[PDB]
Amino acid sequence: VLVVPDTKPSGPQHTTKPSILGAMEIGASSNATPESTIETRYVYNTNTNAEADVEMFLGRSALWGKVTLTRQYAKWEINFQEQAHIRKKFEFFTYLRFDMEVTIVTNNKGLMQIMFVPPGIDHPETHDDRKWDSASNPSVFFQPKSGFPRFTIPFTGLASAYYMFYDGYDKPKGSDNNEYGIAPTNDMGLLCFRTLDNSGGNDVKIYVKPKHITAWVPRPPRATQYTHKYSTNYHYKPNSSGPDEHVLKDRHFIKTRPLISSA
Amino acid sequence: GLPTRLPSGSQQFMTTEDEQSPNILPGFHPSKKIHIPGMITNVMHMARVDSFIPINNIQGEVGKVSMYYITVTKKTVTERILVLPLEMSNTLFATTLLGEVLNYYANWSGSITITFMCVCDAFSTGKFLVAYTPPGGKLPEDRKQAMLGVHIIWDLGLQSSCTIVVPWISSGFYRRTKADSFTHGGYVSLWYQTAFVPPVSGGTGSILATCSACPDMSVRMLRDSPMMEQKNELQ
Amino acid sequence: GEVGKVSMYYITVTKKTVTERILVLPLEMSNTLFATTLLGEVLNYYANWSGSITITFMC
Amino acid sequence: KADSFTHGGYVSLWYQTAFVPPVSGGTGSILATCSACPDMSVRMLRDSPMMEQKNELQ
Amino acid sequence: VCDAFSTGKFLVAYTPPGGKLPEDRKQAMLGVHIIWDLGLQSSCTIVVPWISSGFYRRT
Amino acid sequence: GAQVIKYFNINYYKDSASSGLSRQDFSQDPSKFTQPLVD
Amino acid sequence: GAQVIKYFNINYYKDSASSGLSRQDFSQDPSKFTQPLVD
Amino acid sequence: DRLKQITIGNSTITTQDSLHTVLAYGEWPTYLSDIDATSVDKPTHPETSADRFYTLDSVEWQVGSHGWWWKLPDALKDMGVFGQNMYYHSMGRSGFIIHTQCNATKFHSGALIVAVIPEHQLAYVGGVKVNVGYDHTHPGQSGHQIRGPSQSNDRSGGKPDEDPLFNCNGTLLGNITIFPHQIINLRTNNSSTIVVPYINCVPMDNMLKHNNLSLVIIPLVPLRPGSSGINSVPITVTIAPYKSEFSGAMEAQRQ
Amino acid sequence: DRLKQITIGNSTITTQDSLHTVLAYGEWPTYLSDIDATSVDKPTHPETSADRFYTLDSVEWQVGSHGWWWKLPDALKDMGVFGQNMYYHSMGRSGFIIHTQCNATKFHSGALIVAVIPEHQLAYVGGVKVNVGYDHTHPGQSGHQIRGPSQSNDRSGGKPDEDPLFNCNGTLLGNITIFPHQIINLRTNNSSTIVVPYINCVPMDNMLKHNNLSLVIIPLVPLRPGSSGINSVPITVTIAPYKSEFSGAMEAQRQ
């Protein structure tokens, strides 16, 4: 683990090269520490940032999705776009390469099957669908009482990382069905759920933990509530009803103050 | 006793997991394992064997052997004879040994080998352009536009066949087995370079085609193949 | 008036006869001043912090 | 989060002498940036108040 | 030659032989060109490099 | 099992993806940021 | 696992906080009390 | 000194009032190595003919102008033989030397944020779920004048967001300093230089469909004339591709 | 370069338009040594809490303003824990770092003499034999605005002399350069720095009764606006005690 540096002693200084002057324009952050500004003592400083590294920061297994079994059947397309709090944390970065371990928290009882359906094929659309009988589609059978199912999905990119943001399109110029952003760039599969009993509740919570993460290009954190998934659209249409039609709210987190200089 | 813990996924039954199970019938002696010819240890060795592309699949010809060959005649102007859009999910490739191994896998990388053989008499001759339009390009619809991609020109005589290699050209490291516009693979098209000239004016010729994987071909993410469907119980 | 506009990032200074307090930045990482920055919005994921702050003023 | 027990203090900006422009009514603009020093450290990762979800994303 | 408070950026382009006189700055920048900032040094120099099919150019 | 006043790093499922968090950390420097300059 | 006619002190969760009671005892003296004198 | 000269073959920048050059992520553009490669065909390196400064149209910077952005490689698609190589190849990569130029006078005041954003995915100008159109995110060399936030901005045709405070993507300006950037403060410098390598999780991709970078110039503090009658100043952008590669030669993807 | 930074603990001066620092008599402030000592008790050194920059009130410099003076240690008597140590001790010594600050514009003209006078004994404002009062020679941080020579200056109450030409003591200005001094010429520099050691024929004396030094700022050439509407400029003085000592702790000599 890496501890933060110690504070070194510093005395009075008369210097013709100010360290406290600079240029904000150059594009560089300040190198100034308290030894440049005040007169300091030696402090032996054992603090660590270990809990701020991208493995610990993104490694807590957030809830990605919720589904309800309707007629003892549910379906979920794997993605982080649906939940704002985990979507904001992934979007501090442009590119992420991670394995994910998927824990399924269900309040149902009896017996459940999860099918991981790899991209490019058809999933079971109901319980009792013949497609639940699969040679090569990986599935998980579990009894929700006595344990939570968990499996790891490795990194399935088509690229060396996942795009969190994608400034391109999947089709050429004149195509009218063009799709913008990361949705065409990869698909992580879908999870199909069914119950082989009736028993308990219908709620299925999918918790996902990124592990073995490599993050690439830091971005400004999301300053606005999300509106749609796979968008970046931050303009929110609160109501379709009437004269407030076509009125949009940004919904940011900036708060005002009565006066500068009085705070 | 020794303290243990049961993390999530301990009491699971995962269909794809790798575990040891108790032997029922202990002491059982299997019959001896003799030498049998043909042992195959990897299913990508089936995709590397040439197999005929149903290049003629159309309303009338599907279900008949004639779905494997195309007719070529002598023409005054170059025509586009055939188009093999490169998708392993397309019937053209999906029905072959190559494509039907690749339809068990969600995405693939590596190079394709397509071999064209002309079945005609020994006095027939021809030059053909076989072009591969790389991904992101438009299907040419002109031989000037087709020749700007990967292409070969095969003279016809005294050797039956010629092989265009479809090289691996991709932005990403893998291509999806199912056609999409993001990973799409491009097009192979057949053109007349000069002409197909038979010994007699109305004469004609037949072209077959085979595909196999190159040695660099690789697949991943085994899935169900769309190439089998069960609507009924087998009794 | 100025929140939602780029003008929320700059203050006006003029010539005055007597010294005035121009600006106050109460030091809280939960305050909008710091909480919206790269510094403060990394620190708002953590319940407490230690160490020194660097504030740079450009005119 | 601000409390009176751990509160951090105040940074304030003052005129030392004056801001003098070339013309009487002239004015100037001040920006400000903040960064952490190298000794900065954090602990106890929690949810950030800087994101809130009132609606489902569909 | 201007006062000391004047400033400018200029494009000096050289259209190589066989080309058309540009009549647009997009077409002029496609040849040999420099961009000279103006201040604190009076002058700037474009080198017209030797670009010729043959070994000599007629006077 | 997979690999190794002691310590033992043991992989139960014999896959590199099936392991827990990667706690072995070397690569770092702020200077890609905060000082992204030629000279 | 974490560390070590035998004995084995083994930490299953690889954290110093996650360990059980600390049974290794040295520091002591009543004299901070009962005799808190200069001389 | 403040003097600088950057010569990329056939063309030379000379900056006499200048900061240090920003080298994005401390990384110079390189050619794609063999370890990282995907496609098997030998790429083309145009070098001096593609790699050279292409100056775009200037934009008038005024009181009340909210900003501008350009997409790359897009802005160069019609520029010289670099833009020709985009249409005739499947894939391509490149790094860029972006040189932004604004000079006024010692009587003018103002500040510009010049930033380069990797994968700058815009937001729709407002309302329902609509992908921003290919037509709007590919203006070419002209870039996009940012207009501004309004309820009256036309929401037709999948138009991008006009609000510079939210970076058009929904994240605060003022955090844009996490990307390679410089400020042009008229008091201080008249120009900026950023050398960005090729940034992507892919070795090469289609130059036309995907915009790797985005150059964004935001007027952080407005333009004050002082005592002069000059209320507007041009802003010129000059881009040099550097270490540009192309592979997968085909018919031009043009019309 | 003209840049300078002076850090005396807890506080930092930064001067970007600057001359050399005047080190008075080529002598830095030291603590009183044992060879030179008188009193037997161990003195206190407050160090960083007393030794630090104390900026006073600014004075408006105008057309027709004759000057200002401050007395030391007097000006600091209410300032921080340095001024507290003056009242609770018999004796004390210190050196000072005086930093004078006046900035205008390249259109302004003017000159200031900033001098430090040891034992600056004023003259009575005129007439008969009267000691100048304790009240007038101890203005505190506010100092004394020099008014000017007049027959109409009030002679009541033992007031000091107002004439800056005679240095208020009866000796010509223009010979004031024999003391540690700098000139602030608005054309040239906006500030001044003088480091004075402790000057006295006594190792320590009473901080309240005796004023060791005097800081005198005389407008040598008046303040011309040029073409601007700015007819006045502030002058800020900032003093750092340095190597200050105190001995003879007692009740505060305050009221």
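Each chain gets a letter, A, B and so on, in the order its sequence line appears, and its residues count up from 1.
Looking only at distances, no side-chain donor or acceptor of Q225(A) sits under 3.5 Å from a matching main-chain atom of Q53(D). Side chain of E51(A) to main chain of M44(D): a donor-acceptor pair is present (N/O by atom type, distance under 3.5 Å, no hydrogens or angles).
For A263(A), the part sitting under 4.5 Å from any heavy atom of chain D is the backbone (N, CA, C, O) and nothing else. Of the two parts of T33(D), the backbone and the side chain both hold a non-hydrogen atom closer than 4.5 Å to a non-hydrogen atom of chain A. Looking at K89(A), the atoms closer than 4.5 Å to chain D (heavy atoms on both sides) all sit in the side chain, from C-beta outward. Of the atoms belonging to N55(D), it is side-chain heavy atoms, and not backbone ones, that fall under 4.5 Å from chain A. Both the backbone and the side chain of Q83(A) come within contact range of chain D, each with at least one heavy atom under 4.5 Å from a heavy atom of that chain. Looking at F57(A), both its backbone and its side chain come within 4.5 Å of chain D, counting heavy atoms on both sides. Residue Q58(D) touches chain A through its backbone alone, counting heavy-atom pairs closer than 4.5 Å. Only the backbone of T227(A) comes within contact range of chain D, judged by heavy atoms closer than 4.5 Å. In this structure, chain D has no heavy atom under 4.5 Å from any part of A223(A).
Heavy-atom neighbours of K75(A) NZ from other residues, nucleotides or ligands within 6.0 Å: at or below the threshold of 12. With a 6.0 Å radius and a threshold of 12 heavy atoms from other residues, nucleotides or ligands, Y44(A) has its OH atom at or below the threshold. The number of heavy atoms from other shown groups lying within 6.0 Å of CH2 (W64(A)) is above 12. For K237(A), the NZ atom sits in a packed shell: over 12 heavy atoms of surrounding residues, nucleotides or ligands are nearer than 6.0 Å. In the displayed structure, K255(A) atom NZ is contacted under 6.0 Å by more than 12 heavy atoms of other residues, nucleotides or ligands.
Pairing each heavy atom of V4(A) with each of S41(D), the nearest pair is CG1-CB, 4.1 Å.
Between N31(A) atom CG and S35(D) atom OG the span is 9.5 Å, to the nearest 0.5 Å. Rounded to the nearest 0.5 Å, atoms CZ (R46(D)) and CZ (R60(A)) are 12.0 Å apart. Between the CD atom in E35(A) and the SG atom in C37(D) there is a gap of 8.5 Å [rounded to 0.5 Å].
At a threshold of 4.5 Å between non-hydrogen side-chain atoms, the residues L45(D) and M56(A) do not count as touching. Between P38(D) and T33(A) the shortest side-chain heavy-atom distance falls below 4.5 Å. For the pair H228(A) and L57(D), the minimum side-chain heavy-atom distance is 4.5 Å or more.
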Stepwise side-chain contact (heavy atoms from CB on, under 4.5 Å) check, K54(D) with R251(A): CA-CA 11 Å; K54(D) 61 184 67 179; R251(A) 302 184 304 179; 3.5 Å; yes
Derivation and outcome, side-chain contact (heavy atoms from CB on, under 4.5 Å), residues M51(D) and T224(A): CA-CA 7 Å; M51(D) 178 57 73; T224(A) 298; over 6 Å; no
Residue pair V42(D), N49(A): steps toward the side-chain contact (heavy atoms from CB on, under 4.5 Å) verdict: CA-CA 6 Å; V42(D) 292; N49(A) 280 329; 4.2 Å; yes
